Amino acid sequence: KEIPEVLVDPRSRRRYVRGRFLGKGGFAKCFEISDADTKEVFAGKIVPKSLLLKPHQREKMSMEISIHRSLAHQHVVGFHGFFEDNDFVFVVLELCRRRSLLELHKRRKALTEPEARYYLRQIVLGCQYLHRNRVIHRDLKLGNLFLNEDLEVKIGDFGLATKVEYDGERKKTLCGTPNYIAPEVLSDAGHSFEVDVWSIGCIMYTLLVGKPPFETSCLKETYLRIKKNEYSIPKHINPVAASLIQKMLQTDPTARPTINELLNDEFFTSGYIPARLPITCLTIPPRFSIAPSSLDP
């Protein structure tokens, strides 16, 4: 079933011209799209209804839209609306012209500590906004941490996200497999907000070390390592960073920092955070003083 060259909203009468193909994942494909009248450019997520027949997939797509449309934050992908033809669901999102932390990681490998700190602070602020609105994302990974023109982080892909109905509620059901499986998800013990802190721990490790903490060549060994909390931080990682990784990557979810305590860690409060990163940082390491000072042009 071919995807229309022009997307028409049956209700609001708005129409979009399908531009550049941006990427695909699971049931979904994503394109650059532009309004006819305003000429404003967005990201168009496009899902065939042929893949939404299995009732677990209908509820997945439904839940993503329900959660995402309720969110508005500087560090969360803007949600502009959704509509549907007889063959497709169309979701209009904020375009992020600098791809994702996944492409950055593939190109650069290990970032400098100030770059890691710059991105992680924004990831933490976004997740703090989610948790305050009782949303667990449950699938934070480099691939759904998008970058706009100015290299601001935008959290997207709410496909596994869930709303906590009361503070204290633990969930078991997932409609898919998260990239970073927290130990309480692997063990099916019930999970809450702490799974997001686990994934941010995995992300922090990956950005600073240049490889994932647990991932091996085979899933059996990966999952045994997560179960037994078997990972190693290289000697070259600065003690304060190493310390914060150890706090987040603990088997006991209750021993992990809350998202509010994460933001207040010595890593963030006492580490150099650049106000901006130059665009060259997508491809080449920037240069920083041993201890930078705001008392210098």
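A residue's number is simply how far along the shown sequence it sits, counting from 1.
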According to the deposited model, is the average Cα temperature factor higher in 190-198 or in 167-175? 167-175
Output the stretch having the higher mean C-alpha B factor in the entry; the candidates are 285-293 and 272-280. 285-293
Which of these has the highest Cα B-factor in the record: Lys247, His68, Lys228, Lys60? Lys60
Out of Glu221, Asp139, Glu115, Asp87, which residue has the highest Cα temperature factor in the PDB record? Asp87
Sorting the chain's CA B-factors, does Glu184 end up in the lowest, middle or highest third? lowest
Looking at the C-alpha B-factor of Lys45, is it in the lowest, middle or highest third of its chain? middle
Within this chain's modelled residues, let me know which third the CA B factor of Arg107 belongs to: lowest, middle or highest. lowest
Report the third (lowest, middle or highest) to which the CA temperature factor of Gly26 belongs, ranking only the modelled residues of the same chain. highest
Ranked against its chain, the third holding the CA B-factor of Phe214: lowest
